[PDB]
Structure formats: C-alpha cells, structure tokens
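Here's upload_35.tsv, which has TSV, C-alpha atoms and all ligand atoms:
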```tsv
chain	number	residue	atom	x	y	z
A	57	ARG	CA	0.00	0.00	0.00
A	58	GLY	CA	1.18	3.51	-0.93
A	59	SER	CA	4.50	2.60	-2.57
A	60	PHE	CA	5.04	0.58	-5.76
A	61	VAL	CA	8.52	1.48	-7.03
A	62	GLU	CA	8.51	-1.36	-9.60
A	63	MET	CA	5.54	0.27	-11.42
A	64	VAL	CA	6.61	3.94	-11.45
A	65	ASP	CA	7.48	5.14	-14.99
A	66	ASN	CA	6.01	1.99	-16.63
A	67	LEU	CA	4.16	4.08	-19.27
A	68	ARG	CA	5.68	5.43	-22.47
A	69	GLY	CA	4.36	7.18	-25.55
A	70	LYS	CA	4.83	9.80	-28.19
A	71	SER	CA	2.90	13.05	-28.28
A	72	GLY	CA	-0.28	12.48	-30.29
A	73	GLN	CA	-0.04	8.69	-30.09
A	74	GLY	CA	-1.16	7.86	-26.53
A	75	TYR	CA	0.25	6.02	-23.52
A	76	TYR	CA	1.23	2.36	-23.52
A	77	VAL	CA	2.44	-0.28	-21.09
A	78	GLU	CA	4.56	-3.36	-21.81
A	79	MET	CA	2.67	-6.66	-21.53
A	80	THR	CA	3.40	-10.27	-22.31
A	81	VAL	CA	1.04	-12.81	-23.82
A	82	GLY	CA	1.44	-16.58	-24.13
A	83	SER	CA	4.00	-19.24	-23.21
A	84	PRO	CA	6.79	-18.54	-23.74
A	85	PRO	CA	5.96	-14.87	-23.18
A	86	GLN	CA	5.57	-12.65	-26.22
A	87	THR	CA	6.25	-8.99	-25.43
A	88	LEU	CA	3.87	-6.35	-26.82
A	89	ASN	CA	3.30	-2.66	-26.15
A	90	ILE	CA	-0.34	-1.98	-25.31
A	91	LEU	CA	-2.29	1.30	-25.25
A	92	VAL	CA	-3.90	1.94	-21.85
A	93	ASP	CA	-7.58	2.63	-22.53
A	94	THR	CA	-10.04	3.37	-19.70
A	95	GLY	CA	-12.70	4.11	-22.40
A	96	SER	CA	-13.16	0.48	-23.58
A	97	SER	CA	-13.25	-3.03	-22.14
A	98	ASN	CA	-11.54	-5.43	-24.58
A	99	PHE	CA	-7.98	-6.65	-24.56
A	100	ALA	CA	-7.27	-6.66	-28.30
A	101	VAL	CA	-3.91	-7.15	-29.97
A	102	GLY	CA	-2.54	-7.24	-33.53
A	103	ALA	CA	-2.17	-10.94	-34.51
A	104	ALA	CA	-1.19	-10.62	-38.19
A	105	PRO	CA	1.57	-8.77	-40.08
A	106	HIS	CA	-0.09	-5.38	-40.63
A	107	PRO	CA	2.58	-2.96	-42.03
A	108	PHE	CA	2.13	-0.42	-39.22
A	109	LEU	CA	2.99	-3.00	-36.49
A	110	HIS	CA	6.35	-3.53	-34.81
A	111	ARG	CA	5.25	-6.99	-33.74
A	112	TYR	CA	2.13	-9.04	-33.27
A	113	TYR	CA	0.76	-11.94	-31.27
A	114	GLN	CA	1.68	-15.28	-32.85
A	115	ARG	CA	-0.77	-17.73	-31.28
A	116	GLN	CA	0.94	-20.70	-32.93
A	117	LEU	CA	3.98	-20.10	-30.70
A	118	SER	CA	2.01	-20.24	-27.44
A	119	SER	CA	1.51	-23.55	-25.64
A	120	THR	CA	-1.11	-21.98	-23.37
A	121	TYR	CA	-3.42	-20.48	-26.02
A	122	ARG	CA	-7.02	-21.69	-25.88
A	123	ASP	CA	-9.33	-20.93	-28.82
A	124	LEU	CA	-12.87	-19.74	-27.99
A	125	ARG	CA	-14.07	-20.54	-31.53
A	126	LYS	CA	-15.78	-17.16	-31.75
A	127	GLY	CA	-14.99	-13.97	-33.66
A	128	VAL	CA	-15.87	-10.31	-33.16
A	129	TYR	CA	-16.32	-7.35	-35.52
A	130	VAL	CA	-15.80	-4.03	-33.77
A	131	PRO	CA	-16.69	-0.83	-35.63
A	132	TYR	CA	-15.87	2.55	-34.05
A	133	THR	CA	-17.03	6.02	-35.24
A	134	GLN	CA	-14.06	5.99	-37.58
A	135	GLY	CA	-12.19	2.73	-38.16
A	136	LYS	CA	-12.80	-0.87	-37.13
A	137	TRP	CA	-11.18	-4.15	-36.25
A	138	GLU	CA	-12.09	-7.81	-36.60
A	139	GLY	CA	-10.70	-10.50	-34.34
A	140	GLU	CA	-10.75	-14.06	-33.12
A	141	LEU	CA	-11.39	-14.66	-29.44
A	142	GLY	CA	-9.28	-16.86	-27.21
A	143	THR	CA	-7.61	-16.98	-23.80
A	144	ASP	CA	-3.94	-17.05	-22.86
A	145	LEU	CA	-1.61	-16.25	-20.00
A	146	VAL	CA	-0.98	-12.53	-19.63
A	147	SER	CA	1.49	-10.59	-17.48
A	148	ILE	CA	2.61	-6.99	-16.98
A	149	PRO	CA	6.40	-7.10	-16.50
A	150	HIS	CA	6.53	-3.69	-14.72
A	151	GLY	CA	3.38	-4.53	-12.78
A	152	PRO	CA	2.30	-7.02	-10.12
A	153	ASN	CA	4.28	-10.29	-10.03
A	154	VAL	CA	1.32	-12.35	-11.23
A	155	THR	CA	0.16	-14.12	-14.42
A	156	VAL	CA	-3.50	-14.48	-15.31
A	157	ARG	CA	-5.62	-16.26	-17.90
A	158	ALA	CA	-7.34	-13.48	-19.80
A	159	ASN	CA	-9.52	-13.06	-22.85
A	160	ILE	CA	-7.63	-11.82	-25.89
A	161	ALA	CA	-9.06	-10.66	-29.20
A	162	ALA	CA	-6.50	-11.53	-31.87
A	163	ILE	CA	-6.92	-8.79	-34.49
A	164	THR	CA	-6.80	-10.20	-37.99
A	165	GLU	CA	-8.10	-7.23	-40.04
A	166	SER	CA	-8.30	-3.55	-39.16
A	167	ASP	CA	-8.96	-0.15	-40.69
A	168	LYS	CA	-7.89	3.28	-39.29
A	169	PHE	CA	-7.04	1.62	-35.97
A	170	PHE	CA	-3.28	1.17	-35.75
A	171	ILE	CA	-1.13	4.26	-36.15
A	172	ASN	CA	1.69	4.36	-38.71
A	173	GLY	CA	4.80	5.14	-36.73
A	174	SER	CA	3.46	4.33	-33.27
A	175	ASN	CA	5.10	1.92	-30.87
A	176	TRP	CA	2.02	0.01	-29.69
A	177	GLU	CA	0.38	-3.11	-31.07
A	178	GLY	CA	-2.85	-3.57	-29.09
A	179	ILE	CA	-5.18	-1.96	-26.55
A	180	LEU	CA	-5.97	-2.71	-22.94
A	181	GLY	CA	-9.63	-1.86	-22.27
A	182	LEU	CA	-9.81	-1.15	-18.54
A	183	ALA	CA	-13.55	-0.33	-18.32
A	184	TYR	CA	-16.35	-2.72	-17.33
A	185	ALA	CA	-17.99	-5.78	-18.90
A	186	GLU	CA	-21.19	-3.89	-19.80
A	187	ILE	CA	-19.38	-2.38	-22.81
A	188	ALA	CA	-17.21	-5.40	-23.77
A	189	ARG	CA	-17.60	-6.74	-27.32
A	190	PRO	CA	-19.45	-8.85	-28.35
A	191	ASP	CA	-21.34	-8.80	-25.04
A	192	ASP	CA	-20.91	-8.57	-21.25
A	193	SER	CA	-20.01	-12.27	-20.87
A	194	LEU	CA	-16.49	-11.58	-22.21
A	195	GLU	CA	-14.68	-10.85	-18.95
A	196	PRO	CA	-12.39	-7.81	-19.23
A	197	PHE	CA	-8.72	-8.12	-18.31
A	198	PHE	CA	-8.88	-6.29	-15.00
A	199	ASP	CA	-11.83	-8.39	-13.85
A	200	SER	CA	-9.78	-11.55	-14.58
A	201	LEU	CA	-6.80	-10.10	-12.77
A	202	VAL	CA	-8.78	-9.40	-9.60
A	203	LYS	CA	-10.69	-12.72	-9.80
A	204	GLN	CA	-7.51	-14.83	-10.13
A	205	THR	CA	-5.02	-13.09	-7.83
A	206	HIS	CA	-4.80	-11.08	-4.61
A	207	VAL	CA	-4.29	-7.81	-6.52
A	208	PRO	CA	-6.64	-5.23	-4.97
A	209	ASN	CA	-9.52	-4.01	-7.13
A	210	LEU	CA	-8.15	-0.61	-8.10
A	211	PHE	CA	-5.57	0.97	-10.34
A	212	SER	CA	-4.22	4.47	-10.78
A	213	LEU	CA	-2.86	6.49	-13.71
A	214	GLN	CA	-0.42	9.33	-13.91
A	215	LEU	CA	-0.15	10.53	-17.52
A	216	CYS	CA	2.77	12.94	-17.98
A	217	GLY	CA	2.35	15.21	-21.01
A	218	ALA	CA	4.78	17.04	-23.28
A	219	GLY	CA	6.01	20.51	-24.21
A	220	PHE	CA	8.41	22.05	-26.73
A	221	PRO	CA	11.18	21.04	-27.05
A	228	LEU	CA	9.77	16.62	-28.88
A	229	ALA	CA	10.53	14.48	-25.82
A	230	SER	CA	8.54	11.27	-25.28
A	231	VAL	CA	5.54	11.25	-22.95
A	232	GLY	CA	5.41	8.85	-20.04
A	233	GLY	CA	3.82	8.20	-16.70
A	234	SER	CA	2.78	5.43	-14.37
A	235	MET	CA	0.07	2.83	-14.09
A	236	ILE	CA	-0.06	1.54	-10.53
A	237	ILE	CA	-1.88	-1.74	-10.60
A	238	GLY	CA	-3.55	-2.68	-7.31
A	239	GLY	CA	-2.82	0.52	-5.44
A	240	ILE	CA	-1.74	4.12	-5.14
A	241	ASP	CA	1.77	5.59	-5.02
A	242	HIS	CA	1.72	8.77	-2.93
A	243	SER	CA	4.90	10.10	-4.57
A	244	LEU	CA	2.90	10.65	-7.77
A	245	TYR	CA	0.70	13.52	-6.52
A	246	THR	CA	0.64	16.51	-4.19
A	247	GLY	CA	-2.12	17.65	-1.86
A	248	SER	CA	-5.15	15.48	-1.20
A	249	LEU	CA	-7.14	13.07	-3.35
A	250	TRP	CA	-10.80	14.08	-3.86
A	251	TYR	CA	-13.24	11.38	-4.97
A	252	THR	CA	-16.21	11.48	-7.33
A	253	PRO	CA	-18.67	8.56	-7.55
A	254	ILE	CA	-18.66	6.20	-10.50
A	255	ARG	CA	-22.28	6.66	-11.53
A	256	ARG	CA	-22.65	3.31	-13.25
A	257	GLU	CA	-20.09	0.62	-13.99
A	258	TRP	CA	-19.85	0.57	-17.79
A	259	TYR	CA	-17.59	3.39	-18.87
A	260	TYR	CA	-15.98	5.17	-15.90
A	261	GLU	CA	-18.99	7.47	-15.85
A	262	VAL	CA	-18.96	10.56	-13.63
A	263	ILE	CA	-21.18	13.64	-13.12
A	264	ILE	CA	-19.98	17.21	-13.78
A	265	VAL	CA	-22.00	19.73	-11.77
A	266	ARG	CA	-20.48	23.09	-12.77
A	267	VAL	CA	-18.10	24.36	-15.47
A	268	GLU	CA	-16.04	27.54	-15.24
A	269	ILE	CA	-13.70	29.34	-17.64
A	270	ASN	CA	-11.23	31.47	-15.64
A	271	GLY	CA	-13.63	31.22	-12.70
A	272	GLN	CA	-16.57	32.40	-14.77
A	273	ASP	CA	-19.49	29.98	-14.57
A	274	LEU	CA	-21.11	28.96	-17.89
A	275	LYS	CA	-24.41	28.86	-15.94
A	276	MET	CA	-25.91	26.15	-18.12
A	277	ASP	CA	-28.41	23.63	-16.80
A	278	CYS	CA	-25.95	21.06	-15.41
A	279	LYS	CA	-27.74	18.20	-17.26
A	280	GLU	CA	-26.17	19.72	-20.38
A	281	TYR	CA	-22.70	18.95	-19.01
A	282	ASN	CA	-23.50	15.24	-18.92
A	283	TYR	CA	-25.61	14.81	-22.05
A	284	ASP	CA	-25.75	11.87	-22.54
A	285	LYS	CA	-22.82	10.90	-20.22
A	286	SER	CA	-19.46	12.09	-18.91
A	287	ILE	CA	-16.54	9.67	-18.74
A	288	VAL	CA	-12.87	9.46	-17.81
A	289	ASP	CA	-11.00	8.12	-20.89
A	290	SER	CA	-7.23	7.61	-21.21
A	291	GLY	CA	-7.85	6.42	-24.80
A	292	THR	CA	-8.97	9.85	-26.06
A	293	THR	CA	-6.69	12.88	-26.43
A	294	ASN	CA	-9.24	15.68	-26.22
A	295	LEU	CA	-11.46	17.13	-23.64
A	296	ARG	CA	-14.69	16.51	-25.55
A	297	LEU	CA	-17.72	18.58	-24.51
A	298	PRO	CA	-21.38	18.14	-25.50
A	299	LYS	CA	-22.03	20.41	-28.50
A	300	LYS	CA	-24.15	22.99	-26.63
A	301	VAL	CA	-21.57	23.14	-23.83
A	302	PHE	CA	-18.68	23.35	-26.27
A	303	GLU	CA	-20.41	26.31	-28.00
A	304	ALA	CA	-20.64	28.19	-24.69
A	305	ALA	CA	-17.17	27.17	-23.51
A	306	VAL	CA	-15.44	28.17	-26.73
A	307	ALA	CA	-17.31	31.54	-26.78
A	308	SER	CA	-15.99	32.13	-23.26
A	309	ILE	CA	-12.45	31.01	-24.12
A	310	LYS	CA	-12.32	33.26	-27.23
A	311	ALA	CA	-13.48	36.20	-25.10
A	312	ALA	CA	-10.88	35.54	-22.37
A	313	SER	CA	-8.09	35.36	-24.98
A	314	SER	CA	-9.33	38.26	-27.15
A	315	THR	CA	-6.08	40.27	-26.81
A	316	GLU	CA	-4.88	38.04	-29.67
A	317	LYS	CA	-7.11	36.99	-32.57
A	318	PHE	CA	-6.88	33.48	-34.03
A	319	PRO	CA	-8.67	32.13	-37.11
A	320	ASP	CA	-12.14	30.57	-36.58
A	321	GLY	CA	-10.80	27.22	-37.80
A	322	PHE	CA	-8.29	27.10	-34.94
A	323	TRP	CA	-11.07	26.83	-32.33
A	324	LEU	CA	-12.76	24.10	-34.39
A	325	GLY	CA	-9.52	22.07	-34.58
A	326	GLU	CA	-9.49	22.59	-38.36
A	327	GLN	CA	-6.08	24.29	-38.33
A	328	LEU	CA	-2.99	24.75	-36.13
A	329	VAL	CA	-1.70	27.95	-34.60
A	330	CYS	CA	2.05	28.50	-34.43
A	331	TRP	CA	4.28	30.87	-32.46
A	332	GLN	CA	7.99	31.67	-32.65
A	333	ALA	CA	9.80	29.17	-30.38
A	334	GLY	CA	9.55	29.88	-26.63
A	335	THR	CA	6.98	32.66	-27.10
A	336	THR	CA	3.71	30.75	-26.60
A	337	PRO	CA	1.46	33.29	-24.81
A	338	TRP	CA	0.15	30.92	-22.10
A	339	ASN	CA	-1.10	33.86	-20.00
A	340	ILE	CA	-3.79	34.99	-22.50
A	341	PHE	CA	-5.50	31.58	-22.36
A	342	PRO	CA	-7.91	30.83	-19.51
A	343	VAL	CA	-7.95	27.91	-17.14
A	344	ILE	CA	-10.80	25.39	-17.38
A	345	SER	CA	-12.53	24.07	-14.25
A	346	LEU	CA	-14.88	21.15	-13.91
A	347	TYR	CA	-16.69	20.66	-10.63
A	348	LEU	CA	-17.41	17.02	-9.96
A	349	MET	CA	-20.03	15.45	-7.74
A	350	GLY	CA	-18.45	14.72	-4.36
A	351	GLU	CA	-18.76	11.79	-1.91
A	352	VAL	CA	-21.20	13.59	0.39
A	353	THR	CA	-24.68	14.98	-0.23
A	354	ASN	CA	-24.51	18.56	-1.55
A	355	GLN	CA	-20.70	18.46	-1.62
A	356	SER	CA	-18.51	18.89	-4.69
A	357	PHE	CA	-14.86	19.58	-5.57
A	358	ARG	CA	-13.18	21.29	-8.52
A	359	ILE	CA	-10.43	20.21	-10.91
A	360	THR	CA	-8.68	22.88	-12.98
A	361	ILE	CA	-6.43	22.50	-16.06
A	362	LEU	CA	-4.22	24.90	-17.99
A	363	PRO	CA	-3.65	25.78	-21.65
A	364	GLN	CA	-0.55	23.57	-21.27
A	365	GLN	CA	-3.01	20.66	-21.22
A	366	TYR	CA	-5.50	21.80	-23.86
A	367	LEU	CA	-3.09	23.26	-26.44
A	368	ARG	CA	-1.32	20.18	-27.83
A	369	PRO	CA	2.20	20.52	-29.30
A	370	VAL	CA	2.36	19.24	-32.88
A	371	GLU	CA	5.97	18.45	-33.81
A	372	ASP	CA	5.57	16.70	-37.18
A	373	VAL	CA	4.73	19.78	-39.27
A	374	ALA	CA	7.09	19.76	-42.29
A	375	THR	CA	5.23	22.84	-43.64
A	376	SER	CA	6.35	25.07	-40.72
A	377	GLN	CA	9.46	26.07	-38.73
A	378	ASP	CA	7.80	27.28	-35.47
A	379	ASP	CA	6.13	25.92	-32.26
A	380	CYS	CA	2.71	24.73	-33.53
A	381	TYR	CA	-0.30	23.72	-31.44
A	382	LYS	CA	-3.70	22.07	-31.84
A	383	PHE	CA	-6.67	23.22	-29.78
A	384	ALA	CA	-7.86	20.02	-28.11
A	385	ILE	CA	-11.18	20.98	-26.59
A	386	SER	CA	-13.81	19.75	-29.01
A	387	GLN	CA	-17.49	19.23	-29.55
A	388	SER	CA	-19.02	15.86	-28.84
A	389	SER	CA	-22.08	13.82	-29.63
A	390	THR	CA	-21.16	11.14	-27.08
A	391	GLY	CA	-21.12	13.29	-23.95
A	392	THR	CA	-18.18	14.74	-22.07
A	393	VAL	CA	-14.91	12.86	-22.56
A	394	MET	CA	-12.29	13.62	-19.96
A	395	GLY	CA	-9.35	12.50	-22.13
A	396	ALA	CA	-5.62	13.10	-21.83
A	397	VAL	CA	-6.25	16.89	-21.80
A	398	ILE	CA	-7.86	16.38	-18.36
A	399	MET	CA	-5.85	13.37	-17.14
A	400	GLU	CA	-2.44	14.96	-17.76
A	401	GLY	CA	-3.20	17.45	-14.99
A	402	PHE	CA	-3.85	14.79	-12.36
A	403	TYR	CA	-3.11	11.57	-10.64
A	404	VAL	CA	-6.28	9.59	-11.25
A	405	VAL	CA	-7.36	6.72	-9.02
A	406	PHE	CA	-9.82	4.23	-10.46
A	407	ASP	CA	-11.10	2.93	-7.14
A	408	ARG	CA	-13.28	0.14	-8.46
A	409	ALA	CA	-13.66	-1.47	-5.03
A	410	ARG	CA	-15.42	1.68	-3.75
A	411	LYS	CA	-17.06	2.73	-7.07
A	412	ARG	CA	-15.28	6.09	-7.10
A	413	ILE	CA	-12.60	8.00	-9.02
A	414	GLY	CA	-9.99	10.05	-7.10
A	415	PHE	CA	-8.20	13.10	-8.46
A	416	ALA	CA	-5.12	14.80	-7.08
A	417	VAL	CA	-2.69	17.29	-8.58
A	418	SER	CA	-0.10	15.36	-10.61
A	419	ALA	CA	3.52	15.63	-9.48
A	420	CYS	CA	4.49	15.55	-13.19
A	421	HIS	CA	1.98	17.87	-14.89
A	422	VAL	CA	3.09	20.58	-17.34
A	423	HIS	CA	2.67	24.11	-15.99
A	424	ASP	CA	4.45	27.46	-15.67
A	425	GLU	CA	5.65	29.86	-12.96
A	426	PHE	CA	2.24	31.59	-12.71
A	427	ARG	CA	-0.32	28.76	-12.77
A	428	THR	CA	-0.64	25.07	-11.84
A	429	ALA	CA	-3.34	22.45	-12.27
A	430	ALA	CA	-5.53	22.25	-9.16
A	431	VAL	CA	-7.89	19.98	-7.17
A	432	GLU	CA	-9.83	21.97	-4.56
A	433	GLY	CA	-12.73	21.41	-2.20
A	434	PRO	CA	-15.13	21.21	-0.59
A	435	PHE	CA	-17.78	23.27	-2.33
A	436	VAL	CA	-21.52	23.47	-1.67
A	437	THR	CA	-23.51	22.39	-4.71
A	438	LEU	CA	-27.23	21.65	-4.58
A	439	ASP	CA	-29.35	19.38	-6.82
A	440	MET	CA	-26.31	17.47	-8.15
A	441	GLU	CA	-28.44	14.38	-8.80
A	442	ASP	CA	-30.40	16.39	-11.39
A	443	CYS	CA	-27.16	16.76	-13.40
A	444	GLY	CA	-27.25	13.09	-14.50
A	445	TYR	CA	-28.88	12.37	-17.86
A	446	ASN	CA	-31.39	9.45	-17.96
A	501	LIG	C1	-11.22	1.88	-28.80
A	501	LIG	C2	-10.77	3.33	-28.74
A	501	LIG	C3	-9.37	3.44	-29.34
A	501	LIG	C4	-8.20	2.79	-28.59
A	501	LIG	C5	-8.32	4.32	-28.68
A	501	LIG	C6	-7.27	5.01	-29.50
A	501	LIG	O1	-6.88	4.57	-30.57
A	501	LIG	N1	-6.79	6.12	-28.96
A	501	LIG	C7	-5.84	7.01	-29.47
A	501	LIG	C8	-5.51	7.11	-30.81
A	501	LIG	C9	-4.57	8.07	-31.21
A	501	LIG	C10	-3.98	8.93	-30.33
A	501	LIG	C11	-4.33	8.85	-28.96
A	501	LIG	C12	-3.76	9.70	-27.99
A	501	LIG	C13	-4.17	9.54	-26.68
A	501	LIG	CL1	-3.58	10.56	-25.42
A	501	LIG	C14	-5.10	8.56	-26.35
A	501	LIG	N2	-5.60	7.77	-27.25
A	501	LIG	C15	-5.26	7.88	-28.55
A	501	LIG	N3	-10.78	3.78	-27.34
A	501	LIG	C16	-11.25	4.93	-26.98
A	501	LIG	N4	-11.22	5.24	-25.65
A	501	LIG	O2	-11.73	5.88	-27.79
A	501	LIG	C17	-11.42	5.70	-29.20
A	501	LIG	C18	-11.76	4.23	-29.49
A	501	LIG	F1	-11.64	4.02	-30.87
A	501	LIG	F2	-13.06	3.90	-29.11
A	502	NA	NA	-8.84	-11.37	-5.75
A	503	NA	NA	1.86	13.09	-2.22
```
Can the structure in the file be given as structure tokens, please?
Ligand SMILES: C[C@]1([C@@H]2C[C@H]2C(=O)Nc2cccc3cc(Cl)cnc23)N=C(N)OCC1(F)F
Ligand code: NA
Ligand code: NA
Amino acid sequence: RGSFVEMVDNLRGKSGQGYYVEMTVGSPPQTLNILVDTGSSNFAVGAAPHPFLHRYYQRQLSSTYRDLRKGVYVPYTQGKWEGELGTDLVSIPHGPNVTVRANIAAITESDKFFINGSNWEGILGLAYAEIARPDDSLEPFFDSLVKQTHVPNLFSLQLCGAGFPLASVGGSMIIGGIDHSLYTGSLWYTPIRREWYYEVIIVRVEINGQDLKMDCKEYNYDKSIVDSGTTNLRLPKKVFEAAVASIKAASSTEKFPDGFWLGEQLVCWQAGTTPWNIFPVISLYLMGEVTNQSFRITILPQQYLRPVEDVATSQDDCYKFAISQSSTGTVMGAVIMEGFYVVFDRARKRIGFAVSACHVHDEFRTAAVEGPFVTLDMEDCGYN
C-alpha cells in the first residue's frame, strides 16, 4: 500500500499517439506494447503482419493459447477491427508479479485503428464488462486479474504530457494501489455513476472562474466519462459552444482564425513565445462523496493546447486546440488526465483526483484539485 517502485514510470508514448504499457502474452511470453484505454473493455492485440505494427501476437507459438471458436467485428465512429477470441496467460512485467488467464481478441483485419509510426500493437480496455464486445459475458482483463489473484480491485494512472522542445511522454500505471509520490495535496473522490464506462457527473463548469451557468444536465448529455484512450477534452455540443465563446473572449487580446477553435487548423508561435497567460484555465466541478458536496479540478492551456511536432510545412512551435465538440457526452481525455493523478477505485465505485507531481505548468499557474464546495441538486445533473 502507498509505494510501488517497480511500477513507477512503466508508461511510455509519443505526443499524439497515446500512452502504452509493456505486456506479455502466451507461453513462452511474447512482449507487446499496449495502449492503456479506460474508455473500452476489450484486450485486443494485432495478430497478423499489418505494415504499421512492430510486432504481433503469434498464437501458434504459445503452448497456453485456448481458442474460444468465436470472432468479433468491432466498428468505431471511424475505423474498425475484426478479431478471433481466445484466452492465454498474460502478465505486466513492470506490474504485479502475477500471471493471469485473460480473454484476448487476436486482431486479424483492421482499418484506421493502428497508427503508422506508433510503438504500440494492441489496446488494454480497462472499463467494465457492460461495454465489452461482443457482449458482457467476455470478462475484461482487470476483472480476470482481480478474480484470479490477490491484486486489490483498483488501479491508478499518472499521464505525464509534453512541451516544446519533442521528448517522449510517459507516466505510471499503478496496478492494485496508489503511489503517494505521484501527486501533491489530497485526493478528492467522485462517484462512478454506473459501472460501464468510468462514468462521472460534472455539476459546474467555469472558464477562468466564470461559470457557464448552463443547466448542469447539459454537461452530462448523454454521459461524462474518464477516458485515457482519447486525447481531447470533448464537450457536448451545446456546452462546447458556450465554452469556446468564453475562451475566445478571455483570450481576445490576440485573434486566431475561426478554424483554430474548431480544430481545423494549427496555430504556431515563434519558439519559446507561446502566450500561455492569454489563455484561460478550465474548471470542472465534480459530484463529491457527500450529499450537496462537490470539488473542482482545474487545467491549464498547457493541457488543452497540444504541441504538434511533425509539421514539415512550418518552422515554429505549432499547437492544436484540443477541446472539441461531442455527440457522445463529455470525454475527460488526456487533456484532463495529464493534470492529475487519477485513481480508479473500483472497489469503492469512485474516481480520485489529485494534482499530478508531473503535470506541465508554468511559474504563474498550476493544475488544481480543490474542495469542498456546496452544490445543490447534483443528482439532477445526470442524464437518464
Ligand atoms: C477503442 C478506442 C481506441 C483505442 C483508442 C485510441 O486509438 N486512442 C488514441 C488514438 C490516437 C492517439 C491517442 C492519444 C491519446 Cl492521449 C489517447 N488515445 C489515442 N478507445 C477509446 N477510448 O476511444 C477511441 C476508441 F476508438 F473507441
Ligand atoms: Na482477488
Ligand atoms: Na503526495
């Protein structure tokens, strides 16, 4: 409890390509890098020689593979994959010293799924069985882990973002506990509303302390989730409209093209001259543990302005605006998570946030987690 030195710094990534952990599958163990995804519930790995892949799961080499004689076709909004289901022995080398028999979807065909130039070959869906494909009878990895070992039913994530000049991203996934070296101040917990996605309820939104004053149901239409497998902070369309109006206003001392705010074009500045100060902070108040009690998390432009390094057309420091409109509810992606140490306390059906010891900031502002606040009618903020 509280100290897991073997798991610190077990995440790696490249800016724009997500955060992955080393895993092994099969006997003898085959090493793969696997994207950590709290927004899905399947363990799915490349199993055929797709040209984008560094390596792939070769079931024929594993003496412990067991075929489930069942396939799955998984379409996303953009892109898809098709796989064959089976079980095999799975371990996390820089994780708990255990090996479990887990479901594995061996990906045999995919479209717009793997990233050309990335260093990961599969995804680890850490959410609940309700959203597993093809149905909720396919036990997710973490459920198998907890069922088969003495690993406590919780994990925590510290995602450490980037800044010019481009160095790799990194962080820590603490499996079965919390490492108190990874955050400062106190953890504040918000309830997991329902165990499918890691669904939470946002009760108030501010831009530089200025309340959007929308009906709070709007903030969670049709859900709000914590998702390490999405870059952006995605906001419901109506909320995005209000938020971006407020952000434009706060930053009006400089004018940027309309397309910038829509993520249709980059903005660039001469190296080292990014005007962080003109951009507002963004605060989400989350439902607390106690009736009529909330707490607030606050992120900086350092989180929501993403550095884009691979721009052969330009010579400067270029950025993408990574708050975007949603039709799937609020998505608290890497833009939120990079500010915080996030504790997925499954045992107690709650998510903890604390200020990350690694988050990107400046001399004037830092990410924050603050409470308690008094917030009435928070139950009305959930969409039904
Ligand atoms: C299944 C799925 C795939 C696995 C997600 C994915 O590929 N994510 C990413 C792709 C590219 C750059 C990224 C950067 C960061 Cl920081 C995170 N994820 C990144 N999971 C979620 N949660 O939402 C999208 C999805 F398709 F449903
Ligand atoms: Na157990
Ligand atoms: Na601490």
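The gap separating CA of residue 71 in chain A from CA of residue 371 in chain A is 8.3 Å, in Å to one decimal.
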Around ligand LIG 501 (chain A), fit a box with edges along x, y and z, padding it by 3 Å on each side, then list its centre and edge lengths in Å to one decimal as lines of an AutoDock Vina configuration file.
```
center_x = -8.3
center_y = 6.2
center_z = -28.3
size_x = 15.5
size_y = 14.7
size_z = 11.8
```
For ligand NA 502 (chain A), collect every residue having any atom at a distance of at most 10 Å from a ligand atom (counting only C-alpha atoms and all ligand atoms); output as a ChimeraX atom specification. /A:199-209
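Counting from CA of residue 413 in chain A, the distance to CA of residue 264 in chain A is 12.7 Å.
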Show me which residues sit within 8 Å of ligand LIG 501 (chain A) when counting only C-alpha atoms and all ligand atoms, and put them as a count of residues only. 28
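Our summary of the geometry notes that CA of residue 147 in chain A is positioned 8.4 Å from CA of residue 85 in chain A.
Within 6 Å of range 405-411 of chain A, once only C-alpha atoms are used and residues closer than 5 positions along the same chain are dropped, the contacting residues are residues 209, 210, 211, 212 and 254 of chain A.
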Export C-alpha atoms of the chosen residues as a compact mmCIF listing (two decimals), keeping the file's coordinate frame?
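Produced file out09.txt, reproduced below:
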```txt
# COMPACT_ATOMS: atom_id res chain seq x y z
CA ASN A 209 -9.52 -4.01 -7.13
CA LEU A 210 -8.15 -0.61 -8.10
CA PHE A 211 -5.57 0.97 -10.34
CA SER A 212 -4.22 4.47 -10.78
CA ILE A 254 -18.66 6.20 -10.50
```
Tell me which protein, DNA and RNA residues are within 7 Å of residue 385 in chain A, counting all atoms listed in the file, leaving out same-chain ones fewer than 6 positions away, and put them as a PyMOL selection string. chain A and resi 294-296+366
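Between ligand NA 503 (chain A) and the candidates A:336, A:272, A:166, A:243, the tightest atom-to-atom separation, counting all atoms listed in the file, involves A:243.
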Best match for closeness to ligand NA 503 (chain A) among A:370, A:416, A:399, A:440, counting all atoms listed in the file: A:416
Kindly work out which residues sit at most 7 Å from ligand NA 503 (chain A), using only C-alpha atoms and all ligand atoms, and give the list as number ranges by chain. A: 242-247
May I have the protein, DNA and RNA residues with an atom at most 12 Å from (-10.6, 34.9, -26.5), counting all atoms listed in the file in the file's coordinates, returned as a count of residues only? 25
